[PDB]
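Inspection log for the structure reproduced underneath, given as structure tokens.
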Amino acid sequence: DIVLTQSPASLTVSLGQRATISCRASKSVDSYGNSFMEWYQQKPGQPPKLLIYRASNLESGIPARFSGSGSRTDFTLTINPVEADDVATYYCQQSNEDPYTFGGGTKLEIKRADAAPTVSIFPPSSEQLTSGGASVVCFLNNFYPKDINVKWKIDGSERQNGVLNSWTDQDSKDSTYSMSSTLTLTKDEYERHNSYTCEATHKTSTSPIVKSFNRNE
Amino acid sequence: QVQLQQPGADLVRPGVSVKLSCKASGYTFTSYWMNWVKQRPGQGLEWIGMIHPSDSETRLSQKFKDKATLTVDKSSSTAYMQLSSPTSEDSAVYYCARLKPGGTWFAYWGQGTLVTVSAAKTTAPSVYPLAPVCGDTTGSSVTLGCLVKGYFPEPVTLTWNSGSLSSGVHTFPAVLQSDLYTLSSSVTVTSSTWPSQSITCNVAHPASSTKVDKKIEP
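Structure representation (structure tokens):
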């Protein structure tokens, strides 16, 4: 029952450069001079896609930018040069002995020049203000790197709970990240206050990006 | 051309057995080994077992011995798997995949059935429009949004202007709180074209037969 150890677990490479991903079997995966080792690309919301079979054979439809080498217990996936669309998790899988066991995966991110977020605040809809619930939404769009800090202010004062953040996967053309930040309150609470602020601190500037509104303006 | 077709999602009650399906076409169903693999959300991949449709010879993972049962119907070209007495450890994407002719490698895959094992109650979303703040525009672009609030289970589908508006769109991963999901989407367009060109989010939650097209008013 063969363990595959994949390294590294995550990796960030620049466009045009080579990526090197490894895989180590707890025992030999070879029989009659062939290695029973496959590689896969998996993109979010899709099945794994077969890149290489038998350690080194390039699957039909797959660009030769992808190559595999190795024998016995040590195997290597190289991608070269790396392109925008290679954002994925990559997995090794042995086909020598069942159970037909997988690597833990390697997440590939793209390195790209720093970009500042575009920030946009949205007062609770008229419609929603009928529920006795209220959501203030803020989009921080198309930024790089992934590391971002968000701060909410109500009547000048910073607020901690009632806030949920969600991030997209790295974009496959422009290689940027985006984020949504929602503050939910009762309608009651919402209307006891008059000024709402969404504040973003990011690599790209020392001063934060402030976007704000006054109720019923 | 070989197709492997599985339903997109399933909502199963705790303890009640569920049968997944994988319909094959574009080749001779009885000629190749069919494999199943489990993928828990945001996780890696595990091999469940394989079956040979010609005679239903089977090999199961010891890890799945008392969980999965694999069958086929030859006349329908359909592979099946039964998960007995479902728990929350059984929530995952389940894929069927078949081997290359004269090989041991998984060249063809289904699109996966998403199973959610949960007693929580099915619930329709609310669709609220995110129109920009008060005042004149001073930049080259406008960002609008759509909020999809408090639905269960996954998934929903969201499009902009029937899908004819696809670039500049960010639809964000849902967040589960209590037993309800919430997501939102944004769209950026050139500021010269709004409000002269109307913008509408199209939202579907098929579990609740919800189909809503919400217009974004200034």
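Listed in order, the protein sequences are those of chains A and B.
Under this note's numbering, residues 1 to 217 are what the first sequence spells out, in order.
Under this note's numbering, residues 1001 to 1218 are what the second sequence spells out, in order.
Positions of the beta carbon are idealized from the N, C-alpha and C atoms, including for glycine.
Where residue i meets chain B, residues with beta-carbon distance less than 9 Å
i, result
"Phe213/A", "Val1133, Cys1134"
"residue 234/A", "Residue 234/A falls outside the range modelled here, since chain A spans only 1 to 217, and no answer is possible."
"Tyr190/A", "Here the premise fails: no neighbours, minimum Cβ distance about 14 Å."
"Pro123/A", "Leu1130, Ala1131, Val1133, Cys1134"
"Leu164/A", "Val1175, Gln1177, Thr1182"
For residue i, the three-state DSSP class (helix, strand or coil)
i, result
"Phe36/A", "coil"
"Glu1089/B", "helix"
"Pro1101/B", "coil"
"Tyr53/A", "strand"
"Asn142/A", "strand"
"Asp1066/B", "coil"
"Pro1014/B", "coil"
"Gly105/A", "coil"
"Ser95/A", "coil"
"residue 231/A", "The structure shown has nothing for residue 231/A, since chain A only spans 1 to 217."
"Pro1053/B", "coil"
Exposure label - residue i; buried when at least 16 CB within 10 Å
i, result
"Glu127/A", "exposed"
"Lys1038/B", "buried"
"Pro124/A", "buried"
"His1205/B", "buried"
"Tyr32/A", "exposed"
"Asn161/A", "exposed"
"residue 949/B", "Look at the range of chain B in this structure, 1001 to 1218, and you will see that residue 949/B is not part of it."
"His193/A", "exposed"
"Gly16/A", "exposed"
CB contact below 8 Å: residue i versus chain D
i, result
"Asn141/A", "In the structure shown, chain D cannot be found, because the protein chains are A and B."
Where residue i meets chain B, residues with beta-carbon distance less than 8 Å
i, result
"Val137/A", "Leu1130, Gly1145, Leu1147, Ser1184"
"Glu59/A", "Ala1107"
"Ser172/A", "Within chain B, no residue comes near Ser172/A; the closest Cβ sits about 12 Å away, beyond 8 Å."
7 Å Cβ cut-off: residues of chain A touching residue i
i, result
"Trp1109/B", "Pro47, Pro48"
"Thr1157/B", "Under the 7 Å cutoff, chain A gives no residues; its nearest Cβ is about 12 Å from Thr1157/B."
"residue 1227/B", "This structure cannot settle anything about residue 1227/B, because the visible part of chain B is limited to 1001 through 1218."
Within chain A, the residues that residue i reaches when beta carbons sit closer than 8 Å
i, result
"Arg1059/B", "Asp98"
"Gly1112/B", "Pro47"
"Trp1033/B", "Within chain A, no residue comes near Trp1033/B; the closest Cβ sits about 11 Å away, beyond 8 Å."
Partners in chain A for residue i, counting only beta-carbon separations shorter than 9 Å
i, result
"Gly1008/B", "Correct list: empty, because the minimum Cβ distance to chain A is about 11 Å."
Listed by chain order, chain B residues near residue i by CB distance under 7 Å
i, result
"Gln128/A", "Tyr1128"
Please confirm if the stretch 1143-1160 of chain B is in contact with the stretch 130-139 of chain A, defined as three or more CB-CB distances below 8 Å between the two stretches.
yes
Threshold first: 3 residues or longer. Then list the beta strand (DSSP E) segments lying entirely within the stretch 1024-1048 of chain B, N to C.
1034-1039
Please confirm if the stretch 98-113 of chain A is in contact with the stretch 185-196 of chain A, defined as three or more CB-CB distances below 8 Å between the two stretches.
The answer is no - the stretch 185-196 of chain A does not touch the stretch 98-113 of chain A, with fewer than three Cβ pairs under 8 Å.
Within 8 Å, do at least three Cβ pairs link the stretch 1072-1081 of chain B to the stretch 1048-1055 of chain B?
In short, these stretches touch, since the Cβ pair count reaches three.
Contained beta strand (DSSP E) runs [length at least 3] in the stretch 134-205 of chain A, N- to C-terminal order
148-154, 163-167, 177-186, 195-202
Do three or more CB pairs link the stretch 1206-1214 of chain B to the stretch 1122-1129 of chain B at distances below 8 Å?
yes
Taking three-plus beta-carbon pairs below 8 Å as touching, is the stretch 168-185 of chain A in contact with the stretch 1057-1069 of chain B?
no
Contact between the stretch 1004-1012 of chain B and the stretch 1106-1116 of chain B (3+ Cβ pairs under 8 Å):
Contact between the stretch 1004-1012 of chain B and the stretch 1106-1116 of chain B is present, because at least three Cβ pairs lie under 8 Å.
Assess, as a yes-or-no matter, whether the stretch 1022-1039 of chain B is touched by the stretch 66-83 of chain A under the definition of 3 or more beta carbon pairs within less than 8 Å.
The stretch 66-83 of chain A, when compared against the stretch 1022-1039 of chain B, does not touch it at the 8 Å Cβ threshold.
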